[PDB]
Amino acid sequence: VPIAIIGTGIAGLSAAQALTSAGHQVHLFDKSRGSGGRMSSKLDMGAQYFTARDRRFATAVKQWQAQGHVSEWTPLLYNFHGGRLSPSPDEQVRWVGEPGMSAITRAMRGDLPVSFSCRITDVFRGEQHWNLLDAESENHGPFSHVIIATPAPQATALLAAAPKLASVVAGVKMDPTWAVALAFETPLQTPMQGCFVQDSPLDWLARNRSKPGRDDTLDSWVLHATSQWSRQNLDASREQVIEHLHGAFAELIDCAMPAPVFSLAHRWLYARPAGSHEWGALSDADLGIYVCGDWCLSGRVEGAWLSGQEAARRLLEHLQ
């Protein structure tokens, strides 16, 4: 009887990889149409790049490199500060999924059993097995154990079987982020490939074609608003967000900007944890339910991967 994993972002799939390497069967669930979560699903509108500071995660990254799914990104970086643009070089090693940030999670998932477009609404156990109800009122199960791998505010609904755990998870605040993508037929006449931005609706922007293995046909840029701006405009329409963030971009850019060939906006209500944690994972081993996600640790790709490893590690130890 398989282990259910709810959420197919990096935390869920990291857990899935660990369980499957150990010879155990899983079944993955995601309310979305594909996997990846906040890494985006297979223009990189979500996570833009990641660092590896933890040796275990660094080892995982070298594995992905050897598989052809990540490469190093070394953009010409800028800072926008007090209304002026300046180069901001550094020696930070940064990684991207290749050919897109989505390739990492797509590879982790591989051919594992998965139910997409399946929003889980309830998680409950009988005397032996776990069961999931989805938004269509269809039952799924039996399952031997359950791993919740969602943003904290979306996990709370799935933890009704362990109210003390639910209560802890419910306290975890996540900030929203609006993202906008713009694509141009004629490349913008600048050497800038990325910018850290202050005193603006924006805090980050990136040039996709500067990333290894991307399609160079259009010059596409990703704009990420600050969480403060995002909150202030949380219920804005996509078109309004595009207009404001496109404007913020035109304001700071040092060159002409033609009309884009297309423009996109995407809102994450639960983009990132407001703070850091050291839990790693949360679990109720007695009941058989485990919780992981970036918000159990540092709120970065590395934190998500590590959190899912820890949940799996605990599950496997209790399978005994």
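Residue numbers here begin at 1 and follow the sequence given.
- In terms of unmodelled positions of the deposited sequence, the stretch from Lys42 to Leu43 in this entry skips 4 to 9 residues.
- The stretch with the higher mean CA B factor, choosing between 49-57 and 23-31, is 49-57.
- Two stretches are in play, 128-136 and 220-228, and the higher mean C-alpha B-factor belongs to 128-136.
- Out of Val168, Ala155, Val93, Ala160, the entry records its largest CA B-factor for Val93.
- Considering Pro187, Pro176, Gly213, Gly247 together, the PDB entry gives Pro187 the largest C-alpha B factor.
- Looking at the C-alpha B-factors along this chain, the one for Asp284 belongs to the middle third.
- Among all modelled residues in its chain, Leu13 ranks in the lowest third by Cα B-factor.
- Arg106: CA B factor lies in the lowest third for its chain, per the PDB record.
- In the deposited entry, the Cα temperature factor of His145 places it in the lowest third of its chain's modelled residues.
- Sort the chain's modelled residues by C-alpha temperature factor and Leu319 lands in the highest third, per the entry.
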